[PDB]
Amino acid sequence: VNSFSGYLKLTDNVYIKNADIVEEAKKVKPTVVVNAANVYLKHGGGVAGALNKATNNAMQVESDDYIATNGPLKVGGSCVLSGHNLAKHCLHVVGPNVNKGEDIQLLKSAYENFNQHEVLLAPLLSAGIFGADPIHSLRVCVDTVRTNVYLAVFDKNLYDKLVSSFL
Ligand SMILES: CN(CCCC(=O)O)C(=O)c1ncnc2[nH]ccc12
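Given below as structure tokens:
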């Protein structure tokens with residue numbers, strides 16, 4: 003039993019809710035919140051900009067030190083950093099950005115990072131400003147992640163389409 007509430011169960015291990023991941027994170031304090039990161043951990047907009055704003059820019063300060071030490075992530079890769087006031091940990095995961103021409107096949111590799119964590123609060127990778135089809139992203143999530151994932155979908159309209167079209 004865990005503290006996530008109001009989710010629709012899609013599969014044995016995947017759950018979905020119309021929610022703001024920032025507000026969902028501040029209420030659950032999950033062990034892991036997933037950020038929709040880029041390779042530079044520049045949290046300017048989308049999910050990343052919202053998560054970072056909610057940390058009063060502490061996520062960005064920590065991220066800049068990470069990059070100065072380690073260099074950029076790989077597309078499809080991840081790193082574990084602090085969750086600040088939102089979660090114990092933040093798993094920064096880089097899905098491919100279609101608006102940069104990145105290979106959508108890397109979306110599966112991105113979701114594989116979730117399997118290193120027993121339970122996660124997450125957005126749909128490569129959705130939103132990353133330019134992928136959220137229905138495809140949901141399919142890859144369900145077919146790749148084996149750990150328990152609670153997906154927060156900000157837009158009520160897209161949420162309804164994702165549920166209604168789910169196979
Ligand atoms: C709406 N999108 C896609 C567009 C932005 C992006 O591409 O990051 C989200 O990712 C998302 N999901 C869950 N809660 C969220 N709160 C703010 C954005 C957000």
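Basically the deposited numbering = 1-based index in the sequence shown + 2. From the three backbone atoms N, C-alpha and C, an ideal C-beta is built for every residue, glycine too.
Distances taken from the Cβ of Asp135 to the heavy atoms of ligand 1 include none shorter than 7 angstroms. With a cutoff of 8 angstroms on beta-carbon distance, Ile131 and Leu164 are scored as not near each other. Restricting attention to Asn4, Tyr68, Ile18, the CA atom closest to the CA of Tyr152 is found in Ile18. Between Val3 and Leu93 a beta carbon distance of about 22 angstroms is seen, past the 8 angstroms cut, so the two are scored as non-contacting. In terms of side-chain proximity, the C-beta atom of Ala89 is found no nearer than 7 angstroms to any non-hydrogen atom of ligand 1.
Boundaries of the beta strand (DSSP E) harbouring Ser80: 80 to 84, taken from the DSSP string.
Of the other Cβ atoms in all chains shown, fewer than 16 fall within 10 Å of the Cβ of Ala70; this residue is therefore exposed. At a Cβ-Cβ threshold of 8 angstroms, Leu12 and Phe168 count as neighbours.
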